[PDB]
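Here's the structure, in structure tokens; my notes come after.
None of the figures in this text is laboratory data; all of them are computed from the coordinates on show. Here the Cβ positions follow ideal geometry from the backbone for every residue, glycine too, while neighbour counts run over all protein chains shown.
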There are 2 protein chains.
Amino acid sequence: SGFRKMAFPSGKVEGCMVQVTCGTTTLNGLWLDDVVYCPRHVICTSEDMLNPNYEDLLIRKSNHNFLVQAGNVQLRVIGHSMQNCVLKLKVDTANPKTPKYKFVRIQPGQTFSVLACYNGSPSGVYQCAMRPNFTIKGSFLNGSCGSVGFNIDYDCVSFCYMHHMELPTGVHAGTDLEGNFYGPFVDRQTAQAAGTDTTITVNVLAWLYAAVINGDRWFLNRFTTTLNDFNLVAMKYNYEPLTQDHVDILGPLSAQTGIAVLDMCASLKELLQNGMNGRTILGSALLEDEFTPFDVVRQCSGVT
Amino acid sequence: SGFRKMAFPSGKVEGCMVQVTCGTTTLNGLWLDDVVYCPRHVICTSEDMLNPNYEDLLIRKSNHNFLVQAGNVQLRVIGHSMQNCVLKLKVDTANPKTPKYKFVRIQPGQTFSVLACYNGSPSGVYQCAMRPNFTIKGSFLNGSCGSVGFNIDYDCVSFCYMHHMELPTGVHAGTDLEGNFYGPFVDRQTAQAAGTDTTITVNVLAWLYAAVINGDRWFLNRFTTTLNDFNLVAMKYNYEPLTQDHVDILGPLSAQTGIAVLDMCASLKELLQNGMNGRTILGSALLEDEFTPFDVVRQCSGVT
Ligand SMILES: *C(=N)[C@H](C[C@@H]1CCNC1=O)NC(=O)[C@H](CC(C)C)NC(=O)c1ccc(-c2ccc(OC)nc2)cc1
Ligand SMILES: *C(=N)[C@H](C[C@@H]1CCNC1=O)NC(=O)[C@H](CC(C)C)NC(=O)c1ccc(-c2ccc(OC)nc2)cc1
């Protein structure tokens with residue numbers, strides 16, 4: 001077959017997207033059971049975002065100051081509370097389209113599907129990876145806040161991300177479904193910096209395994225390299241260091257293609273030191289790191 | 001914001017995917033109203049695919065030889081007919097989740113979202129462009145046949161593609177929802193060739209307009225070029241020729257960024273003649289042509 005960046009089917013997540021309005025600010029919310037989740041900066045006007053005291057701002061707000069809309073139907077808010085940077089709205093109606101769901105906190109290097117929403121209506125879907133500096137490279141316009149990232153395990157939806165803000169470099173930052181920010185960011189219109197972003201090495205190796213599976217084999221040498229010799233070279237080229245845990249995740253991929261992981265590191269070492277010389281790998285002139293080993297096995301088996 | 005490859009929300013299409021079994025072959029079908037659509041080679045065994053006579057093969061089949069499954073529920077087939085390369089199954093139950101839909105035949109250069117399915121169950125979603133040689137670059141394993149490509153206009157689903165086969169070069173080919181193949185292909189396990197694939201120039205220019213919008217402006221020169229001088233250079237580098245119709249589609253993008261289309265062609269002319277010198281545009285070391293002018297305005301406005 002081929003290899004493409006693939007997002008999970010967004011059907012179950014679509015039924016949980018609602019519109020949350022507080023004053024003039026409007027963003028998206030997540031309606032699960034009788035609770036609506038949305039970023040807390042919806043209670044902010046344009047001037048509070050520079051330096052907000054969310055404790056004093058939410059104290060002035062009552063239940064009727066929150067307008068929740070599921071389509072053209074208004075939900076009655078009967079309770080509200082603030083958990084970290086996420087504001088929780090209790091409603092009088094349980095969402096009938098609630099799927100089996102979990103609240104998880106992903107780790108750097110893992111991927112998830114993003115459902116970009118505006119005014120509580122789905123607009124598109126794309127796949128995103130959690131960078132080592134806890135940022136993401138998405139597409140988020142005004143009002144996209146409250147859009148959620150998720151994974152799907154057959155019938156269970158693992159919500160893991162909520163969009164909150166954009167950084168000066170154009171990358172995006174957000175929280176989990178418990179309100180805790182990924183990284184050292186705060187929901188305030190101020191100059192915030194992300195760390196030096198590095199390359200997810202275990203994801204590059206998984207992507208190269210997908211290349212060999214699909215036909216692209218010109219980069220395959222027969223040179224070899226120790227796990228330590230590759231790690232010192234990977235640090236020069238701004239790559240995450242490879243641990244034995246990382247080599248075990250690439251195990252199923254190693255035993256299937258007949259390519260030992262240590263030999264895969266040697267081909268990657270040469271590609272990093274000698275460049276690509278204008279060639280392409282899976283239709284790309286750069287080394288992709290947004291494919292986890294799980295994503296490759298996902299696409300090479302059709303988990304459906 | 002940022003710029004990403006974005007697929008339409010697959011919620012409405014998910015409710016129309018069923019499993020179609022005939023003998024030992026199993027693929028996916030599209031259940032709209034009381035009709036199920038699926039590729040006709042489901043009536044083929046492994047040996048007929050080399051040289052099938054679908055007229056004689058379907059004549060031996062009756063209604064009860066077709067097993068249609070919507071989840072764990074069996075649909076009763078009460079009628080069947082063959083329209084070009086698509087086999088149509090009339091069922092006794094109208095799909096309650098049928099959205100407002102149309103059957104369209106897209107043109108080369110236009111894009112659509114692909115919902116990859118296996119055994120009638122959705123697996124993932126990604127965006128695909130119709131190459132000038134009427135092929136697509138997707139991800140399709142065994143049993144993925146019957147997966148459909150579609151566009152969404154607010155509440156209307158425009159079905160336009162159905163997957164049928166893979167070519168020797170690894171690219172994929174299929175039909176519209178009327179059974180007519182895109183290109184000069186036939187549903188038979190034989191050596192088939194696609195034409196020389198060329199680059200969709202109007203899509204590259206739209207992608208460069210999205211780059212200027214998002215910050216990437218290093219490629220912006222102030223050189224100029226006539227529509228004819230660019231077309232003769234575009235033919236050397238295997239690019240589609242630009243017509244006045246193409247310049248009109250880039251109009252809204254031209255009047256918004258203050259960059260005339262003729263100046264955009266000059267910057268593209270230099271990028272084609274002088275390379276990229278190791279730089280990147282929107283995080284890519286190649287010129288992307290899978291973004292139509294409509295897709296760029298779609299993402300720069302949030303059509304939702
Ligand atoms: C939510 N609807 C919106 C989505 C943002 C806006 C457009 N694209 C996005 O990703 N989020 C916001 O408006 C939030 C609201 C705060 C209260 C959390 N803020 C930002 O997204 C944001 C903050 C700061 C800056 C910024 C950039 C450079 C700079 O230089 C000194 N200073 C500040 C940008 C955006
Ligand atoms: C449908 N489930 C399946 C999807 C294909 C298989 C795996 N990936 C895909 O995209 N489609 C098929 O099995 C169809 C069935 C026919 C009857 C339409 N066939 C092919 O996909 C197919 C035909 C021919 C060749 C081929 C390649 C090289 C070659 O060299 C001489 N000769 C033939 C490959 C695949």
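Here are the numbers:
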{"item": "Yes/no for A:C44 being free of Cβ contacts under 8 Å to residues at least 40 places away in the same chain, more than 16 Å from ligand 2 (Cβ to nearest atom) and among the hydrophobic types (A, V, I, L, M, F, W, C)", "result": "yes"}
{"item": "Positions within segment A:99-120 being of a type in the set (S, T, N, Q) and out of contact with any helix residue (DSSP H, G or I) (no Cβ under 9 Å at 6 or more places or on another chain), in sequence order", "result": "A:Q107, A:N119"}
{"item": "Members of segment B:234-248 that are in a helix (DSSP H, G or I) and surrounded by fewer than 18 Cβ atoms within 10 Å (Cβ to Cβ)", "result": "B:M235, B:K236, B:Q244, B:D245, B:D248"}
{"item": "Residue that is nearest to ligand 2 (Cβ to nearest atom), among those in segment B:22-41 that are away from every other protein chain (no Cβ under 14 Å) and among the hydroxyl-bearing types (S, T, Y)", "result": "B:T25"}
{"item": "Residues (of a type in the set (G, A, S) and assigned to a strand (DSSP E or B)) located in segment B:118-141", "result": "B:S121, B:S123, B:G124, B:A129"}
{"item": "Residue, nearest to the other protein chains (Cβ to nearest Cβ), within segment B:172-194, restricted to residues that are near ligand 2 (Cβ under 7 Å from one of its atoms) and under 21 Å from B:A116 (Cβ atoms)", "result": "B:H172"}
{"item": "Test: residue in segment B:193-215 that is within 16 Å of ligand 1 (Cβ to nearest atom), in a loop (DSSP other than H, G, I, E, B) and either touching a helix residue (DSSP H, G or I) at 6+ places or on another chain (Cβ under 9 Å) or of a type outside the set (V, I, T) (or both)", "result": "yes"}
{"item": "Single match in B:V13, B:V18 (criterion: assigned to a strand (DSSP E or B) and within 14 Å of another protein chain (Cβ to nearest Cβ))", "result": "B:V18"}
{"item": "Residue among B:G109, B:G15 that alone is on the phi > 0 side of the Ramachandran plot and either surrounded by fewer than 20 Cβ atoms within 10 Å (Cβ to Cβ) or in contact with a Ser or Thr (Cβ under 7 Å, 6 or more places away or on another chain) (or both)", "result": "B:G109"}
{"item": "Flag if A:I136 is crowded, with 20+ Cβ neighbours inside 10 Å, more than 16 Å from ligand 1 (Cβ to nearest atom) and on the phi < 0 side of the Ramachandran plot", "result": "no"}
{"item": "Residue within segment B:96-107 that is over 30 Å from B:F294 (Cα atoms) and not small (G, A, S) present", "result": "yes"}
{"item": "Residue within segment A:218-228 that is part of a helix (DSSP H, G or I) and on the phi < 0 side of the Ramachandran plot present", "result": "yes"}
{"item": "Residue selected from segment A:145-163 under the condition of a type in the set (S, T, N, Q) and surrounded by fewer than 23 Cβ atoms within 10 Å (Cβ to Cβ), by the criterion farthest from ligand 2 (Cβ to nearest atom)", "result": "A:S158"}
{"item": "Test set (1) more than 16 Å from ligand 1 (Cβ to nearest atom); (2) buried (at least 19 other Cβ atoms within 10 Å of the Cβ); (3) not basic (K, R) - B:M82 fails condition number", "result": "(2)"}
{"item": "Output for segment B:96-134, where each listed residue is of a type outside the set (F, W, Y), away from chain A (no Cβ under 12 Å) and either without any contact (Cβ under 8 Å) to a residue 24 or more places away in the chain or out of contact with any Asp or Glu (no Cβ under 9 Å at 6 or more places or on another chain) (or both)", "result": "B:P96, B:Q107, B:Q110, B:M130"}
{"item": "In segment A:148-171, residue nearest to the other protein chains (Cβ to nearest Cβ) [restricted to those that are assigned to a strand (DSSP E or B) and small (G, A, S)]", "result": "A:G149"}
{"item": "Test set (1) under 29 Å from A:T190 (Cα atoms); (2) in a strand (DSSP E or B) - A:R105 fails condition number", "result": "(2)"}
{"item": "Which numbered condition A:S144 fails, given (1) more than 13 Å from chain B (Cβ to nearest Cβ); (2) in a loop (DSSP other than H, G, I, E, B)", "result": "(1)"}
{"item": "Count of residues meeting criterion [away from ligand 1 (no atom under 11 Å from the Cβ) and in contact with a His (Cβ under 8 Å, 6 or more places away or on another chain)] in segment A:150-181", "result": "0"}
{"item": "Selection status of B:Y209, among the hydroxyl-bearing types (S, T, Y), under 29 Å from A:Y118 (Cα atoms) and buried (at least 17 other Cβ atoms within 10 Å of the Cβ)", "result": "yes"}
